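Here is the structure we will look at.
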Amino acid sequence: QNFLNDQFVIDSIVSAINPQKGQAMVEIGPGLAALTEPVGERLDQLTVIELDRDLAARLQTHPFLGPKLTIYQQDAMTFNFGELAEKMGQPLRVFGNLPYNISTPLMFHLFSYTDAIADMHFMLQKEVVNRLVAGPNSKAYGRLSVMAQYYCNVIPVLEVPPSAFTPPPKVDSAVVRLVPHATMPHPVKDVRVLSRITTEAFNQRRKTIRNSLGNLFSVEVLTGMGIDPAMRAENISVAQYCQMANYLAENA
Amino acid sequence: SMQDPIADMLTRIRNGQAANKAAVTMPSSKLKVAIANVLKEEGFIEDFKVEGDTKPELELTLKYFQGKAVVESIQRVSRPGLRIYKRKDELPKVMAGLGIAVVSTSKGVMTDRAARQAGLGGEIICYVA
Amino acid sequence: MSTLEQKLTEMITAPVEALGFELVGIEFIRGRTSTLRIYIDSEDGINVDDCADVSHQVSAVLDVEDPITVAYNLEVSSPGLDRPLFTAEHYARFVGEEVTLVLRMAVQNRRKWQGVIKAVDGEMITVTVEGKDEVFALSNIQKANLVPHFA
Amino acid sequence: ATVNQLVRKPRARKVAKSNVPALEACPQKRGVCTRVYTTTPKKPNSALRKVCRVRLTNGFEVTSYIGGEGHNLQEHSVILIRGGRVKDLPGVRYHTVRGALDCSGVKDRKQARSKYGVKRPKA
RNA sequence: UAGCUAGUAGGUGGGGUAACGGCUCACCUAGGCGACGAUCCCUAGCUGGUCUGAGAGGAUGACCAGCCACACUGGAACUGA
RNA sequence: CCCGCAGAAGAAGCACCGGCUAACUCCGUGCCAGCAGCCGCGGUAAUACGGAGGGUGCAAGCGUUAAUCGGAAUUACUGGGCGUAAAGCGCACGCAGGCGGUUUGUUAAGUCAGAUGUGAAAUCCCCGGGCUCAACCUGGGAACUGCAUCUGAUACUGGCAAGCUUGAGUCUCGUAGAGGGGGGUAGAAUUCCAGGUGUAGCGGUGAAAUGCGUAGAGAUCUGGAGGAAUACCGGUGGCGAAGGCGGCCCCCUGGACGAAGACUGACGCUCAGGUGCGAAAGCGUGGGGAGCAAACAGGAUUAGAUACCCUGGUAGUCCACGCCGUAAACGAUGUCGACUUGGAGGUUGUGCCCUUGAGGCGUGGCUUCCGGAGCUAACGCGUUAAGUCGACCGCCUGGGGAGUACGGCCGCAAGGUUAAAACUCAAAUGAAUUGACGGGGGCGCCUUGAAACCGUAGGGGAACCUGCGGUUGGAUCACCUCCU
Ligand SMILES: [Mg+2]
Ligand SMILES: [Mg+2]
Ligand SMILES: [Mg+2]
Ligand SMILES: [Mg+2]
Ligand SMILES: [Mg+2]
Ligand SMILES: [Mg+2]
Ligand SMILES: [Mg+2]
Ligand SMILES: [Mg+2]
Ligand SMILES: [Mg+2]
Ligand SMILES: [Mg+2]
Ligand SMILES: [Mg+2]
Ligand SMILES: [Mg+2]
């Protein structure tokens with residue numbers, strides 16, 4: 001597990017977040033006081049979840065912070081952010097740092113709240129961030145990056161050396177921000193069709209899509225959509241993936 | 001495959017000398033006989049002989065002086081990969097003249113000591129001491 | 001990039017103003033070393049010697065109460081013949097003058113720029129970018145430099 | 001390996017750069033101090049180093065070391081530079097010349113003074 | 001930097017030069033060149049020499065002597081040995 | 001140029017002084033900062049900073065920078081390397097190219113000898129001369145390694161001609177073998193189906209859970225299905241170029257080794273380009289799918305767990321036909337040929353002796369482990385060299401950046417392939433020695449219960465996790481001074 005150590009990049013992250021009132025801000029994983037303090041400072045009042053009840057006591061008893069935040073002590077994947085968006089008057093800014101096994105769940109739970117979230121701002125490991133922003137025709141591309149880029153516009157904020165962290169890992173990591181689309185540029189009939197199309201395709205990414213999505217559609221459907229079935233799964237943009245999803249859903 | 005019948009006899013001389021053998025033997029050839037003769041003529045061996053019609057064999061009787069081999073160095077400069085020729089004056093000195101080089105001249109094979117005073121350059125076979 | 005930028009500014013201000021010099025810029029870089037770069041000017045002049053003085057002072061007066069010291073070293077500098085600049089008042093001294101800018105906003109109609117300062121707003125730099133004109137917030141920029149014409 | 005290989009391809013003796021290339025083999029070069037600054041080398045290292053960004057007549061701009069005591073030297077001022085490596089510093093391969101065209105001699109110094117650009121005391 | 005080339009390669013005949021010659025022009029043949037590096041691109045005037053080196057080598061061609069090319073830039077041509 | 005006149009009178013500096021490197025001590029200084037080519041110098045003395053005295057060197061100069069050669073053999077013609085330091089193509093065949101046994105004649109291209117013409121002068125070098133000397137100038141010689149031509153010489157090489165049998169290779173007879181290709185077939189085994197008997201459990205783990213069973217599971221009997229693999233022999237064992245090859249029989253088919261002759265007559269070796277073979281993974285097209293199993297899914301575990309555990313499970317794994325073209329494809333060891341102490345085995349021919357049957361003398365081939373000489377940085381290698389050598393090919397030239405960019409080529413795609421540089425560092429590295437080891441382990445003493453990678457494909461909080469198959473290179477880390 002990790003949390004940051006050096007004021008230069010702490011200050012860079014909290015300043016790049018631009019946390020002020022007129023925003024429905026909520027931290028998750030406040031962790032070490034050093035990086036939760038500047039955001040709880042700049043916001044006149046701030047909401048937070050900590051997963052740990054002991055750290056939640058450490059910070060809630062801290063007079064810089066307990067008087068200056070409202071604090072919650074539970075697994076955030078239980079947490080009803082759609083009601084917190086109502087209680088905070090406008091859709092949320094959700095942000096912070098974590099041990100990040102939970103990362104994959106965080107994204108899906110955030111996406112379960114794409115209406116209730118205004119934006120997300122989080123640190124993550126280099127490979128998963130570069131995947132999350134990957135262009136369709138790259139080895140870094142794939143199913144989770146597809147779903148992420150489907151739900152939101154995604155934007156690297158800044159990148160951080162491993163010696164910057166309190167227990168310094170071996171692994172460089174970056175803060176990234178993302179934005180649930182105000183209207184989906186890719187309208188879809190359902191997301192489960194996307195999720196299964198993408199998993200089938202990426203479970204078979206070395207073979208032709210005739211030997212991946214063509215295990216379900218015909219070649220004449222695919223070419224009828226304007227898609228060459230002789231491509232590989234990692235040639236395919238989210239645009240034609242959502243077109244396939246709509247085709248599956250509407251022809252079923 | 002075999003591509004230097006002369007380096008073969010010289011390496012047989014070396015290896016036989018190092019193995020303390022009283023004599024060593026080779027498939028004979030006219031040039032080897034002439035070589036064996038000039039190095040007997042400079043005393044580097046006890047004797048040489050040839051035995052048998054049709055296939056021939058040339059035997060070299062290796063010389064040991066008190067406790068040791070007489071030849072201590074023998075090496076061939078005209079690689080079949082690149083031949084070597086020298087003018088009458090350019091005939092080199094082996095061990096500053098203590099040793100011998102073997103020269104095939106257009107008047108036959110001989111020592112460099114013979115060849116320089118004979119005024120003939122030629123092809124150079126090898127050095128010995 | 002800096003730690004506690006206001007605290008740092010005041011701790012630096014004490015020897016700067018004791019020397020009667022003026023601050024201009026504070027910036028830190030993180031890399032093979034991690035290091036702090038101070039721009040000071042005084043319009044009578046800054047010599048190498050004036051940098052030497054204030055640097056030996058901050059090398060004591062900051063260090064003894066450092067909020068952080070990771071890989072640390074620092075330098076103090078005159079702001080160059082192409083000068084880094086940081087505030088509304090700076091750009092306001094230099095209205096009509098050619099500039100380059102790089103931004104915390106990072107979007108097409110590219111937020112990396114060459115410009116001539118058109119006018120200053122309380123929140124923004126207005127600038128003749130690309131021979132067009134446009135305006136960028138003091139908060140949506142992050143670094144800028146002036147008279148890049150001088151190599 | 002074989003002589004036949006050596007005639008098929010001769011010995012490739014390597015080239016090497018000038019390690020001080022912005023001179024173009026001029027014994028010295030002139031420039032202007034595009035900025036000037038002073039640095040501590042390290043967290044415990046107290047020995048301040050005095051350094052300049054300087055643009056040469058040839059349009060190169062490079063770091064150069066300021067040896068010895070202070071000067072007038074300030075950004076519109078002009079400098080003669082020559083080869084010389086500050087071993088402890090990264091890539092600093094150019095020394096400024098004491099007693100050059102905009103550069104004072106070390107007035108105090110009584111030793112090695114032809115390095116430091118300063119004339120015999122007037123006794 | 002792998003292929004290159006149509007007066008290109010060769011021939012006959014006409015024209016042309018002080019002189020041989022696609023030098024050039026008509027026809028005629030389909031050649032000619034190149035991985036023993038042509039073609040293409042970069043860089044350079046050349047040499048006796050010079051410096052270094054134990055030597056082999058390496059570097060280099062300022063001065064002096066020989067050869068070459070150029071004369072505001074790009075085109076021609078007059079005259080004359 | 002000589003001569004007269006007066007007077008030491010008019011005329012010395014610049015580096016450096018810890019070591020390399022000739023030359024040292026006082027003083028301050030505080031790591032203030034200076035010092036610097038490098039190694040490095042310093043707080044309380046510093047022979048290294050600054051100052052002083054003292055010293056050393058060079059001198060009308062002395063230092064600094066730049067630049068070329070040197071040193072540097074550090075591109076290794078002379079004069080280097082490639083098991084592990086960088087380096088032997090994954091393997092093979094083969095064109096061009098290089099190289100080539102042996103005898104005789106012939107030729108005379110190379111080669112050798114001699115001559116002749118030429119090789120500008122100057123410069124260089126030698127021997128002289130001349131400026132008072134020197135620099136400088138200059139006489140004469142030598143030198144100008146060469147080129148051309150003529151003349152001989154004939155060993156060697158090359159050409160030509162003729163042969164030769166030792167290299168190469170054909171034949172006859174045997175021999176051993178998971179060599180390959182094609183086609184049948186068997187006994188185990190798992191799963192599955194169909195019953196039959198039967199009944200509350202089964203299953204799984206550390207324990208659980210998910211899972212399965214009262215629609216009868218599980219178990220056990222019978223009968224059937226289907227796909228895959230060959231228990232044991234089996235080995236420090238054979239075959240194969242390498243990759244690799246293992247139930248059995250047939251069919252086609254490659255190579256090898258021994259035997260004893262016979263035959264051809266140097267037909268040879270190596271090999272840039274070229275061509276082809278080439279594990280595992282993955283791809284292409286169409287089948288198959290038992291068992292296993294990336295991905296995935298679900299249950300657990302853990303601070304978290306993405307792992308490790310379990311219940312599932314797709315691709316894949318199989319087949320035919322295309323492709324890819326890489327592997328620690330490694331003996332990390334290019335191919336071919338000759339030579340050079342021994343010793344104990346293994347395996348497979350063969351000869352002679354067998355008193356037979358065992359034996360015992362030999363004698364090929366292949367192969368394993370020791371080890372002499374020699375070699376090697378050392379480790380080690382060692383007649384199957386890493387010894388001694390001959391011919392040719394491939395490859396390396398500090399560490400990173402980087403087998404990465406870019407371009408070309410190639411590939412269906414993955415990617416492959418060829419392949420930089422800027423930039424950056426004073427190392428990077430191999431072997432081996434001594435302490436730690438340490439966790440010990442045995443009995444204060446001797447001394448160890450203490451995975452890395454390769455290729456490739458996919459997941460992806462990590463470094464990482466997973467699948468396939470290959471390799472073994474199966475781990476540590478390192479502080480207070482010195483002269484004869
Ligand atoms: Mg004509
Ligand atoms: Mg030398
Ligand atoms: Mg000394
Ligand atoms: Mg070497
Ligand atoms: Mg190596
Ligand atoms: Mg090999
Ligand atoms: Mg011959
Ligand atoms: Mg002959
Ligand atoms: Mg397939
Ligand atoms: Mg396979
Ligand atoms: Mg590549
Ligand atoms: Mg293998």
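Numbering starts fresh at 1 for the residues of each chain in the structure tokens, the chains themselves are lettered A, B, ... in the order given, and ligands are numbered from 1 as they appear.
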message = Give me, as a list in words, the residues of chain C touching chain A, with the criterion being at most 7 Å (counting only C-alpha atoms).
response = residues 1, 2 and 3 of chain C
What does the file look like for those residues with N, CA, C and O atoms, as a CSV table (one decimal), in the first residue's frame?
chain,number,residue,atom,x,y,z
C,1,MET,N,5.7,24.5,-9.7
C,1,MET,CA,6.0,23.4,-8.7
C,1,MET,C,6.8,24.1,-7.5
C,1,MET,O,7.9,24.5,-7.7
C,2,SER,N,6.3,24.0,-6.3
C,2,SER,CA,7.0,24.4,-5.0
C,2,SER,C,6.3,23.7,-3.8
C,2,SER,O,5.1,23.5,-3.9
C,3,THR,N,7.1,23.4,-2.7
C,3,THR,CA,6.4,23.3,-1.4
C,3,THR,C,5.9,24.6,-0.9
C,3,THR,O,6.5,25.7,-1.2
Expected answer as number ranges by chain: strand (DSSP E or B) residues in chain C = C: 22-30, 34-41, 72-77, 83-84, 98-103, 112-120, 124-127, 134-137, 141-146
task = When you get a sec, could you note down which chain D residues fall within 6 Å of chain F, using only C-alpha atoms (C1' of nucleotides), as a PyMOL selection string?
result = chain D and resi 11-13+25-27+47+82-83
Output N, CA, C and O atoms for every residue in that selection, as a compact mmCIF listing (two decimals), in the first residue's frame.
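Here's the written file result_32.txt:
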# COMPACT_ATOMS: atom_id res chain seq x y z
N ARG D 11 39.70 -2.60 -41.28
CA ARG D 11 39.56 -2.20 -39.88
C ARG D 11 38.87 -0.85 -39.75
O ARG D 11 39.39 0.17 -40.20
N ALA D 12 37.70 -0.84 -39.12
CA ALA D 12 36.94 0.36 -38.83
C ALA D 12 37.46 1.04 -37.55
O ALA D 12 36.92 0.82 -36.46
N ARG D 13 38.50 1.87 -37.67
CA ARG D 13 38.92 2.74 -36.56
C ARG D 13 37.83 3.75 -36.25
O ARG D 13 37.29 4.41 -37.14
N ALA D 25 36.64 24.04 -32.50
CA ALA D 25 38.10 24.14 -32.47
C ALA D 25 38.68 25.57 -32.49
O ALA D 25 39.88 25.75 -32.74
N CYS D 26 37.90 26.61 -32.20
CA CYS D 26 38.48 27.89 -31.82
C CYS D 26 39.10 27.76 -30.42
O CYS D 26 38.49 27.18 -29.53
N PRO D 27 40.30 28.30 -30.18
CA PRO D 27 40.96 28.21 -28.88
C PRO D 27 40.19 28.93 -27.78
O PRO D 27 40.32 28.56 -26.61
N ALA D 47 29.80 24.60 -0.72
CA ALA D 47 30.61 25.28 -1.72
C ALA D 47 29.76 25.74 -2.91
O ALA D 47 29.59 25.03 -3.90
N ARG D 82 36.61 29.34 -22.72
CA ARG D 82 37.64 28.38 -23.14
C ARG D 82 37.37 27.00 -22.57
O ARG D 82 36.57 26.87 -21.64
N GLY D 83 38.01 25.97 -23.11
CA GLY D 83 37.77 24.62 -22.63
C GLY D 83 38.21 24.46 -21.17
O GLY D 83 39.18 25.07 -20.72
message = I need the contact residues of chain F against chain B, so if you could list those with any atom within 10 Å, counting only C-alpha atoms (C1' of nucleotides), and return them as an MDAnalysis selection string, that would help.
response = chainID F and resid 98:103 111:113 153:157 164:167 268:270 336:341 373:374 387:392
ask   = Which of segment 63-218 of chain A counts as helix (DSSP H, G or I) under DSSP, as a ChimeraX atom specification please?
value = /A:76-78,81-87,103-111,126-132,143-151,162-164,191-202,209-211,213-215
query = Which residues of chain C are close to chain F, meaning at most 12 Å apart when you count only C-alpha atoms (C1' of nucleotides), and how do they look as a ChimeraX atom specification?
reply = /C:32,52,56
Emit the selected residues as a compact mmCIF listing (two decimals), in the first residue's frame, including N, CA, C and O atoms.
# COMPACT_ATOMS: atom_id res chain seq x y z
N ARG C 32 16.61 13.88 -11.44
CA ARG C 32 17.88 13.25 -11.02
C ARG C 32 18.44 13.85 -9.73
O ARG C 32 18.78 13.11 -8.80
N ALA C 52 25.34 35.22 -5.32
CA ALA C 52 26.19 34.53 -4.36
C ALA C 52 25.81 34.89 -2.92
O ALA C 52 25.64 34.00 -2.08
N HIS C 56 24.02 32.18 -0.37
CA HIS C 56 24.62 31.67 0.87
C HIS C 56 23.70 31.94 2.06
O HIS C 56 23.53 31.06 2.90
Near-ligand residues for ligand 5, threshold 10 Å, only C-alpha atoms (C1' of nucleotides) and all ligand atoms, as a PDB file with N, CA, C and O atoms (P, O5', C5', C4', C3', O3' and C1' of nucleotides), in the first residue's frame:
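Once written, selection-v5.pdb looks like this:
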ATOM      1  P     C F  82      39.484 -15.471 -27.061  1.00  0.00           P
ATOM      2  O5'   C F  82      37.932 -15.356 -27.423  1.00  0.00           O
ATOM      3  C5'   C F  82      37.012 -14.805 -26.509  1.00  0.00           C
ATOM      4  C4'   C F  82      35.624 -14.723 -27.136  1.00  0.00           C
ATOM      5  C3'   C F  82      35.123 -16.052 -27.710  1.00  0.00           C
ATOM      6  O3'   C F  82      34.425 -16.894 -26.797  1.00  0.00           O
ATOM      7  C1'   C F  82      34.828 -14.255 -29.267  1.00  0.00           C
ATOM      8  P     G F  83      35.092 -18.261 -26.282  1.00  0.00           P
ATOM      9  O5'   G F  83      34.039 -18.940 -25.277  1.00  0.00           O
ATOM     10  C5'   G F  83      32.861 -19.559 -25.764  1.00  0.00           C
ATOM     11  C4'   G F  83      32.080 -20.263 -24.655  1.00  0.00           C
ATOM     12  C3'   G F  83      31.785 -19.338 -23.481  1.00  0.00           C
ATOM     13  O3'   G F  83      30.461 -18.877 -23.604  1.00  0.00           O
ATOM     14  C1'   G F  83      32.896 -21.324 -22.764  1.00  0.00           C
ATOM     15  P     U F  84      30.093 -17.343 -23.370  1.00  0.00           P
ATOM     16  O5'   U F  84      30.280 -17.083 -21.808  1.00  0.00           O
ATOM     17  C5'   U F  84      29.232 -17.325 -20.906  1.00  0.00           C
ATOM     18  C4'   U F  84      29.705 -17.015 -19.492  1.00  0.00           C
ATOM     19  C3'   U F  84      30.254 -15.597 -19.331  1.00  0.00           C
ATOM     20  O3'   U F  84      29.215 -14.689 -19.007  1.00  0.00           O
ATOM     21  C1'   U F  84      31.682 -17.257 -18.354  1.00  0.00           C
ATOM     22  P     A F  85      28.964 -13.323 -19.799  1.00  0.00           P
ATOM     23  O5'   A F  85      30.115 -12.331 -19.302  1.00  0.00           O
ATOM     24  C5'   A F  85      31.461 -12.533 -19.660  1.00  0.00           C
ATOM     25  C4'   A F  85      32.275 -11.297 -19.323  1.00  0.00           C
ATOM     26  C3'   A F  85      32.219 -10.198 -20.360  1.00  0.00           C
ATOM     27  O3'   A F  85      31.033  -9.468 -20.195  1.00  0.00           O
ATOM     28  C1'   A F  85      34.332 -10.414 -19.248  1.00  0.00           C
ATOM     29  P     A F  86      29.873  -9.561 -21.285  1.00  0.00           P
ATOM     30  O5'   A F  86      30.328  -8.410 -22.303  1.00  0.00           O
ATOM     31  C5'   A F  86      29.387  -7.632 -23.026  1.00  0.00           C
ATOM     32  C4'   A F  86      29.751  -7.601 -24.509  1.00  0.00           C
ATOM     33  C3'   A F  86      29.825  -9.013 -25.060  1.00  0.00           C
ATOM     34  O3'   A F  86      28.525  -9.457 -25.372  1.00  0.00           O
ATOM     35  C1'   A F  86      31.657  -7.676 -25.796  1.00  0.00           C
ATOM     36  P     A F  87      28.221 -11.005 -25.589  1.00  0.00           P
ATOM     37  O5'   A F  87      28.913 -11.256 -27.004  1.00  0.00           O
ATOM     38  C5'   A F  87      28.301 -10.798 -28.194  1.00  0.00           C
ATOM     39  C4'   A F  87      29.245 -11.066 -29.359  1.00  0.00           C
ATOM     40  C3'   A F  87      29.446 -12.558 -29.530  1.00  0.00           C
ATOM     41  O3'   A F  87      28.556 -13.010 -30.521  1.00  0.00           O
ATOM     42  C1'   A F  87      31.534 -11.410 -29.373  1.00  0.00           C
ATOM     43  P     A F 332      26.863 -24.785 -21.812  1.00  0.00           P
ATOM     44  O5'   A F 332      27.681 -23.424 -22.000  1.00  0.00           O
ATOM     45  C5'   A F 332      28.036 -22.945 -23.265  1.00  0.00           C
ATOM     46  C4'   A F 332      26.908 -22.452 -24.153  1.00  0.00           C
ATOM     47  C3'   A F 332      27.638 -21.568 -25.155  1.00  0.00           C
ATOM     48  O3'   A F 332      26.974 -21.456 -26.389  1.00  0.00           O
ATOM     49  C1'   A F 332      26.372 -20.302 -23.564  1.00  0.00           C
ATOM     50  P     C F 396      28.988  -7.761 -34.428  1.00  0.00           P
ATOM     51  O5'   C F 396      29.985  -7.805 -33.178  1.00  0.00           O
ATOM     52  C5'   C F 396      29.519  -7.906 -31.849  1.00  0.00           C
ATOM     53  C4'   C F 396      30.696  -7.757 -30.883  1.00  0.00           C
ATOM     54  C3'   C F 396      31.360  -6.406 -31.058  1.00  0.00           C
ATOM     55  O3'   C F 396      30.513  -5.397 -30.556  1.00  0.00           O
ATOM     56  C1'   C F 396      32.970  -8.083 -30.757  1.00  0.00           C
ATOM     57  P     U F 429      28.356  -4.042 -13.186  1.00  0.00           P
ATOM     58  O5'   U F 429      29.247  -4.992 -14.118  1.00  0.00           O
ATOM     59  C5'   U F 429      28.682  -5.630 -15.246  1.00  0.00           C
ATOM     60  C4'   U F 429      29.749  -6.423 -15.993  1.00  0.00           C
ATOM     61  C3'   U F 429      30.262  -7.588 -15.166  1.00  0.00           C
ATOM     62  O3'   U F 429      29.390  -8.699 -15.252  1.00  0.00           O
ATOM     63  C1'   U F 429      32.047  -6.406 -16.229  1.00  0.00           C
ATOM     64  P     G F 430      29.512  -9.925 -14.235  1.00  0.00           P
ATOM     65  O5'   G F 430      30.808 -10.712 -14.727  1.00  0.00           O
ATOM     66  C5'   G F 430      30.766 -11.555 -15.850  1.00  0.00           C
ATOM     67  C4'   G F 430      32.140 -12.167 -16.043  1.00  0.00           C
ATOM     68  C3'   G F 430      32.547 -13.009 -14.852  1.00  0.00           C
ATOM     69  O3'   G F 430      31.863 -14.239 -14.812  1.00  0.00           O
ATOM     70  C1'   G F 430      34.322 -11.684 -15.548  1.00  0.00           C
TER      71        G F 430
END
query = Counting only C-alpha atoms (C1' of nucleotides) and all ligand atoms, which protein, DNA or RNA residues come within 12 Å of ligand 12, given as a ChimeraX atom specification?
reply = /F:90-91,242-244,278-280,327-330,454-455,469-471
Produce a table with one row for each residue of chain F that has an atom at most 9 Å from any atom of ligand 8, each row naming the nearest atom pair and its distance in Å at one decimal; use only C-alpha atoms (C1' of nucleotides) and all ligand atoms; arrange rows by chain and rising residue number; format as a Markdown table.
| residue | atom | partner | partner_atom_place_in_ligand_line | distance |
| --- | --- | --- | --- | --- |
| F:106 | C1' | ligand 8 | 1 (Mg) | 8.8 |
| F:107 | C1' | ligand 8 | 1 (Mg) | 8.6 |
| F:157 | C1' | ligand 8 | 1 (Mg) | 8.0 |
| F:158 | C1' | ligand 8 | 1 (Mg) | 7.5 |
| F:159 | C1' | ligand 8 | 1 (Mg) | 8.0 |
| F:160 | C1' | ligand 8 | 1 (Mg) | 9.0 |
message = Please report the interatomic distance between atom CA of residue 2 of chain A and atom CA of residue 61 of chain A in Å with one decimal.
response =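 Going from atom CA of residue 2 of chain A over to atom CA of residue 61 of chain A covers 22.6 Å.
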query = Can I get the residues close to ligand 9 as a ChimeraX atom specification, where close means within 12 Å and we count only C-alpha atoms (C1' of nucleotides) and all ligand atoms?
reply = /A:206-208,211 /F:282-288,315-323
If we count only C-alpha atoms (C1' of nucleotides), what is near residue 40 of chain E at a cut-off of 12 Å, once residues fewer than 4 positions away on the same chain are taken out, given as a PDB file with C-alpha atoms (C1' of nucleotides), in the first residue's frame?
ATOM      1  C1'   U E   1      22.114   4.751 -51.672  1.00  0.00           C
ATOM      2  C1'   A E   2      21.009  -1.191 -56.051  1.00  0.00           C
ATOM      3  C1'   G E   3      20.297  -1.539 -59.729  1.00  0.00           C
ATOM      4  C1'   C E   4      21.897   1.981 -63.874  1.00  0.00           C
TER       5        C E   4
END
Excluding residue 101 of chain C and its own-chain neighbours fewer than 5 positions away, which residues fall within 8 Å of it when counting only C-alpha atoms (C1' of nucleotides)? Please give them as a short mmCIF file (atom, residue, chain, number, x, y, z; two decimals) with N, CA, C and O atoms, in the first residue's frame.
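And here's out-v7.cif as it stands now:
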data_model
loop_
_atom_site.label_atom_id
_atom_site.label_comp_id
_atom_site.auth_asym_id
_atom_site.auth_seq_id
_atom_site.Cartn_x
_atom_site.Cartn_y
_atom_site.Cartn_z
N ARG C 111 -2.99 25.09 -26.15
CA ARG C 111 -2.55 25.76 -24.92
C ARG C 111 -1.05 25.54 -24.66
O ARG C 111 -0.61 25.15 -23.59
N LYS C 112 -0.27 25.84 -25.70
CA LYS C 112 1.17 26.06 -25.76
C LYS C 112 1.36 27.09 -26.85
O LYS C 112 0.93 26.88 -27.98
N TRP C 113 2.01 28.19 -26.53
CA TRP C 113 1.74 29.45 -27.21
C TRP C 113 2.97 30.27 -27.53
O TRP C 113 3.93 30.32 -26.76
N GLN C 114 2.86 31.03 -28.62
CA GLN C 114 3.67 32.23 -28.83
C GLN C 114 2.73 33.39 -29.17
O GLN C 114 1.72 33.22 -29.87
N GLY C 115 3.01 34.52 -28.54
CA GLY C 115 2.09 35.58 -28.19
C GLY C 115 2.77 36.94 -28.19
O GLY C 115 3.99 37.03 -28.09
N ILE C 141 -3.03 29.18 -17.12
CA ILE C 141 -1.60 29.06 -17.40
C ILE C 141 -0.88 28.30 -16.28
O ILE C 141 -1.44 28.06 -15.21
N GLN C 142 0.39 27.94 -16.49
CA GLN C 142 1.25 27.46 -15.40
C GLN C 142 2.71 27.93 -15.49
O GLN C 142 3.34 28.11 -14.45
N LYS C 143 3.24 28.24 -16.69
CA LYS C 143 4.56 28.85 -16.88
C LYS C 143 4.56 29.76 -18.10
O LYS C 143 3.94 29.45 -19.11
N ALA C 144 5.28 30.87 -18.04
CA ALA C 144 5.40 31.83 -19.13
C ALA C 144 6.76 32.53 -19.14
O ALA C 144 7.41 32.69 -18.11
N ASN C 145 7.15 32.98 -20.33
CA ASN C 145 8.43 33.61 -20.60
C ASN C 145 8.26 34.74 -21.61
O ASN C 145 7.33 34.74 -22.42
#
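If one restricts the calculation to only C-alpha atoms (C1' of nucleotides) and all ligand atoms, the set of residues situated within 10 Å of ligand 3 consists of residues 17, 18, 19, 20, 21, 22 and 23 of chain F.
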Could you work out which residues of chain C fall inside 6 Å of chain D? Count only C-alpha atoms, and format the result as a tab-separated table (two decimals) with N, CA and C atoms, in the first residue's frame.
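Produced file selection.tsv, reproduced below:
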chain	number	residue	atom	x	y	z
C	47	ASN	N	24.28	41.25	-9.96
C	47	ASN	CA	25.47	40.55	-10.37
C	47	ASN	C	25.43	39.10	-9.91
C	48	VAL	N	26.33	38.30	-10.48
C	48	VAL	CA	26.71	36.99	-9.93
C	48	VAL	C	26.99	37.06	-8.43
C	49	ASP	N	27.61	38.14	-7.98
C	49	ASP	CA	27.95	38.38	-6.58
C	49	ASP	C	26.70	38.56	-5.70
C	51	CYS	N	23.68	37.27	-6.44
C	51	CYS	CA	23.21	35.90	-6.35
C	51	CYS	C	24.01	35.12	-5.29
C	52	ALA	N	25.34	35.22	-5.32
C	52	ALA	CA	26.19	34.53	-4.36
C	52	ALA	C	25.81	34.89	-2.92
C	72	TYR	N	18.11	17.46	-2.14
C	72	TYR	CA	17.99	18.90	-2.29
C	72	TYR	C	19.26	19.57	-2.80
C	73	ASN	N	19.10	20.52	-3.71
C	73	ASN	CA	20.00	21.64	-3.86
C	73	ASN	C	19.18	22.84	-4.39
C	74	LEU	N	19.77	24.02	-4.48
C	74	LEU	CA	19.09	25.18	-5.03
C	74	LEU	C	20.05	26.08	-5.78
C	75	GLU	N	19.47	26.94	-6.60
C	75	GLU	CA	20.13	28.09	-7.19
C	75	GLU	C	19.28	29.35	-7.13
C	76	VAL	N	19.95	30.49	-7.13
C	76	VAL	CA	19.33	31.80	-7.26
C	76	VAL	C	19.88	32.48	-8.50
C	77	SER	N	19.05	33.25	-9.18
C	77	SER	CA	19.28	33.63	-10.56
C	77	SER	C	18.73	35.00	-10.86
C	78	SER	N	19.40	35.72	-11.74
C	78	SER	CA	18.73	36.75	-12.51
C	78	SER	C	17.70	36.10	-13.45
C	80	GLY	N	16.20	35.63	-16.96
C	80	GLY	CA	17.01	35.72	-18.19
C	80	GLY	C	16.71	36.84	-19.20
C	81	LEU	N	17.61	37.00	-20.17
C	81	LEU	CA	17.40	37.88	-21.34
C	81	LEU	C	16.12	37.52	-22.10
